[PDB]
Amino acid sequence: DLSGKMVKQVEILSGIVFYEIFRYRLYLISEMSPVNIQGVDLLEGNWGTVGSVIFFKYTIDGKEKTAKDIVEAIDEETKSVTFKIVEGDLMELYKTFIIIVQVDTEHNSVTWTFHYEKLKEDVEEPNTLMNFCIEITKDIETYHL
């Protein structure tokens, strides 16, 4: 009863840019979605490499939050990257939290997948976080048109 999954596919305008940002230039989101994301700071490793550790300062529902994530997996062929949250506000609610971003690069799309284990049964499904990811996606696609 503690495990959960969420999946949302977002159609976008057209995808190499998106996977460039989430693999190699994640620091760009602070510029593209500056209300939501205050800071993206590499802590260990290189941008775009498995096992790199990234710190995020962000605002959700009017609350300032932080997360530290490790890039647990990359698939260059399917344009996918898997983040594991290891520290931060979300760890007060979830024992494990994994976010998979995958970009289909004609008509392109971004699929967000969350896999998580709640600490306790009464913890909410992370709908708010999913809405946040969707917002970031729309901000990327509409940046400096």
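Residue numbers run from 1 along the displayed sequence.
Coordinates are lacking for 1 to 3 deposited residues between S14 and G15.
According to the PDB entry, the deposited sequence contains 1 to 3 residues between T105 and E106 that lack coordinates.
Between 73 to 81 and 57 to 65, it is 57 to 65 that carries the larger average Cα temperature factor according to the deposited entry. Note on 25 to 33 vs 95 to 103: mean CA B-factor is higher in 25 to 33. Sort the chain's modelled residues by C-alpha temperature factor and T137 lands in the lowest third, per the entry.
Among all modelled residues in this chain, the alpha-carbon of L119 has a temperature factor (C-alpha) in the highest third.
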